[PDB]
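Reproduced below: data19.cif, with mmCIF, C-alpha atoms.
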data_query
loop_
_atom_site.label_atom_id
_atom_site.label_comp_id
_atom_site.auth_asym_id
_atom_site.auth_seq_id
_atom_site.Cartn_x
_atom_site.Cartn_y
_atom_site.Cartn_z
CA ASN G 1 25.38 8.33 23.97
CA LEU G 2 24.25 7.07 20.53
CA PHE G 3 27.91 6.81 19.49
CA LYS G 4 31.32 6.89 21.15
CA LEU G 5 33.77 9.71 20.64
CA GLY G 6 37.41 9.63 21.77
CA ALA G 7 41.00 9.82 20.56
CA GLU G 8 40.39 6.67 18.50
CA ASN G 9 37.93 8.42 16.13
CA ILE G 10 38.93 12.09 16.23
CA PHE G 11 41.37 13.16 13.47
CA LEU G 12 42.63 16.76 13.61
CA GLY G 13 44.57 19.02 11.26
CA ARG G 14 43.84 17.11 8.06
CA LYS G 15 44.14 18.52 4.55
CA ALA G 16 42.41 17.50 1.32
CA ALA G 17 42.22 19.02 -2.14
CA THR G 18 38.94 17.23 -2.83
CA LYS G 19 35.93 15.89 -0.96
CA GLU G 20 36.48 12.41 -2.51
CA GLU G 21 39.80 12.31 -0.65
CA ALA G 22 38.19 13.34 2.67
CA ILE G 23 35.33 10.87 2.18
CA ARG G 24 37.68 7.98 1.47
CA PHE G 25 39.71 8.82 4.58
CA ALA G 26 36.55 8.89 6.71
CA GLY G 27 35.42 5.58 5.19
CA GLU G 28 38.83 4.02 5.83
CA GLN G 29 38.64 5.07 9.48
CA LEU G 30 35.10 3.65 9.84
CA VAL G 31 36.40 0.32 8.49
CA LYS G 32 39.44 0.44 10.79
CA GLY G 33 37.34 1.16 13.89
CA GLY G 34 35.12 -1.89 13.17
CA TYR G 35 32.02 0.14 12.34
CA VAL G 36 31.65 -1.00 8.72
CA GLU G 37 32.89 -3.53 6.16
CA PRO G 38 35.33 -2.26 3.49
CA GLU G 39 32.56 -2.04 0.88
CA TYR G 40 31.05 0.88 2.83
CA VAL G 41 33.86 3.17 1.65
CA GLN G 42 32.69 3.04 -1.99
CA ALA G 43 29.07 3.29 -0.77
CA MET G 44 29.99 6.64 0.83
CA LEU G 45 31.55 7.78 -2.43
CA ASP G 46 28.48 6.56 -4.36
CA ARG G 47 26.09 8.31 -1.95
CA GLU G 48 28.02 11.57 -2.37
CA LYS G 49 27.60 11.43 -6.17
CA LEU G 50 23.79 11.30 -5.76
CA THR G 51 23.65 14.56 -3.74
CA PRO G 52 26.30 16.34 -1.63
CA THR G 53 26.32 15.68 2.11
CA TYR G 54 27.34 19.22 3.01
CA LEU G 55 24.87 20.46 5.66
CA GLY G 56 25.76 24.15 5.71
CA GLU G 57 27.73 25.95 8.44
CA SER G 58 31.06 24.30 7.52
CA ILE G 59 29.83 20.76 8.26
CA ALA G 60 29.55 17.73 5.95
CA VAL G 61 28.26 14.26 6.97
CA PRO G 62 29.19 11.67 4.31
CA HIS G 63 27.48 8.32 4.72
CA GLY G 64 26.65 5.17 2.77
CA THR G 65 23.89 4.53 0.27
CA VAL G 66 20.71 2.79 1.43
CA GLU G 67 21.84 -0.27 -0.57
CA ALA G 68 24.86 -0.60 1.73
CA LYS G 69 22.81 -0.97 4.95
CA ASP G 70 24.22 -4.44 5.71
CA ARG G 71 27.84 -3.23 5.46
CA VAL G 72 27.33 -1.34 8.75
CA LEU G 73 28.38 -3.52 11.67
CA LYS G 74 27.71 -1.07 14.50
CA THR G 75 26.79 2.60 14.76
CA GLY G 76 29.70 5.01 14.84
CA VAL G 77 31.23 8.19 13.50
CA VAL G 78 34.68 9.49 12.59
CA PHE G 79 35.22 13.21 13.32
CA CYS G 80 37.65 14.72 10.80
CA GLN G 81 38.86 18.32 11.00
CA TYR G 82 40.05 20.22 7.93
CA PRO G 83 41.07 23.69 9.16
CA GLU G 84 41.66 24.95 5.60
CA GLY G 85 38.39 23.42 4.50
CA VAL G 86 37.25 21.10 1.73
CA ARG G 87 34.55 21.98 -0.85
CA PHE G 88 31.57 19.69 -0.20
CA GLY G 89 28.49 21.48 -1.53
CA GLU G 90 27.48 22.40 -5.07
CA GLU G 91 28.97 25.90 -4.98
CA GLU G 92 32.61 26.87 -4.44
CA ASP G 93 32.01 28.55 -1.04
CA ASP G 94 30.14 25.45 0.24
CA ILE G 95 33.23 24.56 2.31
CA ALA G 96 33.35 22.05 5.15
CA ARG G 97 35.94 22.24 7.91
CA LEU G 98 34.23 19.48 9.90
CA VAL G 99 33.78 16.25 7.93
CA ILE G 100 31.99 13.72 10.12
CA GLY G 101 31.83 10.29 8.45
CA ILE G 102 28.66 8.53 9.63
CA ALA G 103 27.66 4.88 9.83
CA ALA G 104 24.40 4.14 11.63
CA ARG G 105 22.87 0.67 11.66
CA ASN G 106 19.81 -0.01 9.54
CA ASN G 107 20.26 3.12 7.40
CA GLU G 108 19.48 5.36 10.40
CA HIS G 109 22.09 7.91 9.45
CA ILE G 110 19.66 10.81 10.01
CA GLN G 111 19.51 9.95 13.73
CA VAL G 112 23.27 10.46 14.04
CA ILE G 113 23.11 13.60 11.86
CA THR G 114 20.31 14.97 14.06
CA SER G 115 22.28 14.28 17.24
CA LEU G 116 25.26 16.14 15.77
CA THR G 117 23.34 19.13 14.41
CA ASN G 118 21.40 19.48 17.67
CA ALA G 119 24.73 19.67 19.51
CA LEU G 120 26.46 21.82 16.85
CA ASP G 121 23.93 24.66 16.76
CA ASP G 122 26.37 27.35 17.91
CA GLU G 123 28.48 29.24 15.34
CA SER G 124 31.25 29.89 17.87
CA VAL G 125 31.47 26.20 18.87
CA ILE G 126 31.81 25.12 15.23
CA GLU G 127 34.57 27.72 14.82
CA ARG G 128 36.48 26.35 17.83
CA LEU G 129 36.08 22.80 16.56
CA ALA G 130 37.43 23.66 13.11
CA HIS G 131 40.73 24.91 14.60
CA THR G 132 41.36 23.26 17.96
CA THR G 133 44.44 21.07 18.24
CA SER G 134 43.08 19.30 21.33
CA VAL G 135 41.17 16.01 21.19
CA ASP G 136 40.03 16.68 24.79
CA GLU G 137 38.45 20.01 23.71
CA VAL G 138 36.63 18.25 20.88
CA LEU G 139 35.27 15.77 23.43
CA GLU G 140 34.18 18.57 25.75
CA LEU G 141 32.38 20.49 23.01
CA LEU G 142 30.52 17.43 21.67
CA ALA G 143 29.68 16.18 25.16
CA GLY G 144 26.09 17.50 25.09
CA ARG G 145 25.05 15.30 22.15
CA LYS G 146 22.38 12.61 22.26
CA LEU A 1 10.10 29.14 11.82
CA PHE A 2 6.93 27.12 11.33
CA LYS A 3 3.28 27.99 11.78
CA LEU A 4 0.76 25.44 12.98
CA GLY A 5 -3.01 25.60 12.59
CA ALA A 6 -5.83 23.23 11.68
CA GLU A 7 -4.95 23.62 7.97
CA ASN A 8 -1.57 21.89 8.35
CA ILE A 9 -2.63 19.31 10.94
CA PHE A 10 -3.88 15.95 9.57
CA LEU A 11 -5.36 13.68 12.25
CA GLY A 12 -6.40 10.07 11.86
CA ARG A 13 -4.58 9.34 8.60
CA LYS A 14 -3.90 5.82 7.36
CA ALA A 15 -1.25 4.60 4.90
CA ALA A 16 0.02 1.17 3.90
CA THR A 17 3.53 2.38 3.01
CA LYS A 18 5.92 5.22 3.87
CA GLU A 19 5.91 6.30 0.19
CA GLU A 20 2.14 6.85 0.43
CA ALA A 21 2.58 8.88 3.64
CA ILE A 22 5.37 10.98 2.11
CA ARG A 23 3.30 11.65 -0.99
CA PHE A 24 0.30 12.66 1.19
CA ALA A 25 2.52 15.00 3.23
CA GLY A 26 4.00 16.46 0.02
CA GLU A 27 0.54 16.94 -1.53
CA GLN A 28 -0.65 18.87 1.54
CA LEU A 29 2.45 21.10 1.49
CA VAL A 30 1.41 21.85 -2.10
CA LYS A 31 -2.22 22.50 -1.13
CA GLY A 32 -1.17 24.75 1.77
CA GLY A 33 0.90 27.03 -0.47
CA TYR A 34 4.25 25.94 0.96
CA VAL A 35 5.70 24.25 -2.14
CA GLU A 36 5.29 23.66 -5.87
CA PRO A 37 4.34 20.14 -7.04
CA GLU A 38 7.88 19.11 -7.98
CA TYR A 39 8.77 19.18 -4.23
CA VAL A 40 6.68 16.03 -3.67
CA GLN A 41 9.07 14.03 -5.85
CA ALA A 42 12.02 15.71 -4.05
CA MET A 43 10.69 14.33 -0.75
CA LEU A 44 10.47 10.83 -2.17
CA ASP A 45 13.95 11.25 -3.64
CA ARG A 46 15.35 12.47 -0.31
CA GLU A 47 13.91 9.34 1.30
CA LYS A 48 15.97 7.14 -1.07
CA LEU A 49 19.15 9.05 -0.17
CA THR A 50 18.86 9.37 3.60
CA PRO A 51 15.77 7.77 5.18
CA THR A 52 13.90 10.13 7.51
CA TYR A 53 12.77 7.87 10.37
CA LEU A 54 14.07 9.57 13.54
CA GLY A 55 13.01 6.83 15.92
CA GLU A 56 10.52 7.14 18.77
CA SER A 57 7.60 7.06 16.33
CA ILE A 58 8.65 10.13 14.33
CA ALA A 59 9.61 10.62 10.69
CA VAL A 60 10.49 13.97 9.05
CA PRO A 61 10.35 13.64 5.26
CA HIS A 62 11.84 16.70 3.56
CA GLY A 63 13.14 17.76 0.14
CA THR A 64 16.57 18.08 -1.43
CA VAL A 65 18.90 21.07 -1.81
CA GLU A 66 18.38 20.84 -5.59
CA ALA A 67 14.65 21.51 -5.10
CA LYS A 68 15.10 24.61 -2.90
CA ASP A 69 13.45 26.98 -5.41
CA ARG A 70 10.36 24.77 -5.38
CA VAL A 71 9.80 25.97 -1.80
CA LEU A 72 7.47 28.98 -1.63
CA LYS A 73 7.35 29.36 2.14
CA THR A 74 8.86 27.44 5.03
CA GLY A 75 6.51 25.24 7.02
CA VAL A 76 5.43 21.75 7.96
CA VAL A 77 2.45 19.43 7.67
CA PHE A 78 1.80 17.44 10.89
CA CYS A 79 0.33 14.07 9.82
CA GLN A 80 -0.85 11.63 12.47
CA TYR A 81 -1.01 7.90 11.74
CA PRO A 82 -2.46 6.36 14.94
CA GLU A 83 -2.11 2.81 13.54
CA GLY A 84 1.42 3.59 12.39
CA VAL A 85 3.34 3.50 9.13
CA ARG A 86 6.64 1.61 8.83
CA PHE A 87 9.33 4.20 8.03
CA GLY A 88 12.44 2.31 9.08
CA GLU A 89 13.94 -1.01 8.01
CA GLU A 90 12.57 -3.29 10.74
CA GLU A 91 9.06 -4.21 11.93
CA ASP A 92 8.98 -1.91 14.96
CA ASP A 93 10.44 1.06 13.04
CA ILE A 94 7.01 2.64 12.96
CA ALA A 95 6.05 6.26 12.67
CA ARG A 96 2.82 7.57 14.14
CA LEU A 97 3.88 11.19 13.56
CA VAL A 98 5.00 12.06 10.02
CA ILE A 99 6.03 15.72 9.83
CA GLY A 100 6.63 16.73 6.20
CA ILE A 101 8.95 19.75 5.97
CA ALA A 102 9.12 22.51 3.36
CA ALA A 103 12.51 24.12 3.79
CA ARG A 104 15.06 25.57 1.40
CA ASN A 105 18.71 24.57 1.15
CA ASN A 106 19.63 22.93 4.45
CA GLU A 107 17.05 24.78 6.52
CA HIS A 108 15.40 21.41 7.28
CA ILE A 109 18.18 20.89 9.83
CA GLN A 110 16.92 23.71 12.05
CA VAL A 111 13.30 22.59 11.59
CA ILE A 112 14.26 19.05 12.73
CA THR A 113 16.18 20.49 15.70
CA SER A 114 13.10 22.50 16.70
CA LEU A 115 10.81 19.46 16.38
CA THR A 116 13.29 17.14 18.11
CA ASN A 117 13.44 19.41 21.15
CA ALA A 118 9.64 19.87 21.23
CA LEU A 119 9.12 16.09 21.10
CA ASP A 120 11.65 14.97 23.71
CA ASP A 121 8.93 14.03 26.21
CA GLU A 122 7.68 10.52 25.42
CA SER A 123 4.22 11.35 26.78
CA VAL A 124 3.97 14.26 24.35
CA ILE A 125 4.60 11.91 21.42
CA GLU A 126 2.01 9.49 22.77
CA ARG A 127 -0.67 12.18 23.18
CA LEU A 128 0.10 13.58 19.71
CA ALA A 129 -0.03 10.12 18.10
CA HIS A 130 -3.59 9.46 19.35
CA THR A 131 -5.38 12.77 20.02
CA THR A 132 -8.50 13.66 18.04
CA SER A 133 -8.15 17.33 18.96
CA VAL A 134 -6.50 20.07 16.92
CA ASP A 135 -6.60 22.24 20.06
CA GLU A 136 -4.53 19.64 21.92
CA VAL A 137 -2.00 19.32 19.06
CA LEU A 138 -1.51 23.09 19.08
CA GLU A 139 -1.12 23.13 22.84
CA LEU A 140 1.30 20.18 22.86
CA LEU A 141 3.53 21.82 20.27
CA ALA A 142 3.30 25.39 21.62
CA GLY A 143 6.64 25.02 23.43
CA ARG A 144 8.58 24.60 20.16
CA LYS A 145 11.46 27.08 19.84
#

Would you write the structure of this file as structure tokens?
Amino acid sequence: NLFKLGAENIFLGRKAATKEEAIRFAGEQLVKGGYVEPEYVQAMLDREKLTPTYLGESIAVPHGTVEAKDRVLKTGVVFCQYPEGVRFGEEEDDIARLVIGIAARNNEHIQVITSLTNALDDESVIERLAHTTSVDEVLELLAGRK
Amino acid sequence: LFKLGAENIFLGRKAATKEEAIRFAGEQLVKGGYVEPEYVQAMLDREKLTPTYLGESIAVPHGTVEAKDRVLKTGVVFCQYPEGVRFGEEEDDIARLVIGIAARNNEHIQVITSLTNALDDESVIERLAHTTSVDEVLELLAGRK
């Protein structure tokens, strides 16, 4: 697969009042897993200010600005579940329950987004992912990705 | 959700830069009745936010959510660059197929999924990158879902 997924980068049952909080958490986990340098966290926050990374269907995919390309050490993701949701889009009902922090090498974030959206094209699967308490079930459900 | 005919197929194009290719794609989405002229700038702006090189010789420049009301009808422009256009950060990050997308809100996601699944076969990309036939393009992309 394009990126690894396991208990080390799956975070369930999180809560956040704001998307800045969820983004920072995702960024911190990308730093901790060796995917990016610490400067990438602010790059994710800066990128969000330019335009929201909500993708519709309760999913948001925060990632770094193009200027932060060299802060990415290796491609990876952090899957973060917010069962109560976090507003990510422009409007108040633009809520994300799945916040997947993305770091692809060479600014190729769209390739990781595309893998994820190709795999997460079922309403019912997204619903199960937003509430499951099992890391193994997350792994099963995202097993078809590129 | 996208129609394909000779009008939105552009074979044998050349461009020195990805910005030129994106502008050409945007201009043809304007000409084809898919989008208003402000969408061209939205495509260039999207490219500065999240580059649209998918790998395997494909790029899918699209607009922003902010420019959704500048979309008049959903659709694509299939632009072939047989000599390639660099869309990624490194030398070999070349696109021979630049598919500009007119989609509102986050509807580009489903368009990209459709294209991604229609272009899984490497031989299909190769034939599309170099064919001189509209008929063959239409046939090669008829399996899109």

- Message: Just want the 10 Å neighbourhood of stretch 12-15 of chain A, counted on only C-alpha atoms, with same-chain residues fewer than 4 positions away dropped. Output as JSON, numbers by chain.
- Response: {"A": [19, 20, 21, 22, 24, 79, 80, 81, 82, 83, 84, 85, 86, 96, 97, 129, 130, 131, 132]}

Would you write out, as a compact mmCIF listing (two decimals) with C-alpha atoms, in the frame of the given file, every residue that the PyMOL selection byres ((chain G) within 6 of (chain A)) captures in this file?
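Written file, selection-v1.txt:
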# COMPACT_ATOMS: atom_id res chain seq x y z
CA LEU G 55 24.87 20.46 5.66
CA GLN G 111 19.51 9.95 13.73
CA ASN G 118 21.40 19.48 17.67

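Note that atom CA of residue A:30 and atom CA of residue A:7 are 12.0 Å apart.
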
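Atom pair atom CA of residue A:68 / atom CA of residue A:27 has a distance of 16.5 Å (rounded to one decimal).
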
Residues at most 10 Å from residue G:84, counting only C-alpha atoms, excluding those fewer than 4 positions away in the same chain, as a short mmCIF file (atom, residue, chain, number, x, y, z; two decimals) with C-alpha atoms, keeping the file's coordinate frame?
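After the write, around_38.cif holds the following:
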data_model
loop_
_atom_site.label_atom_id
_atom_site.label_comp_id
_atom_site.auth_asym_id
_atom_site.auth_seq_id
_atom_site.Cartn_x
_atom_site.Cartn_y
_atom_site.Cartn_z
CA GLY G 13 44.57 19.02 11.26
CA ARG G 14 43.84 17.11 8.06
CA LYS G 15 44.14 18.52 4.55
CA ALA G 16 42.41 17.50 1.32
CA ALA G 17 42.22 19.02 -2.14
CA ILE G 95 33.23 24.56 2.31
CA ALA G 96 33.35 22.05 5.15
CA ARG G 97 35.94 22.24 7.91
CA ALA G 130 37.43 23.66 13.11
CA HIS G 131 40.73 24.91 14.60
#
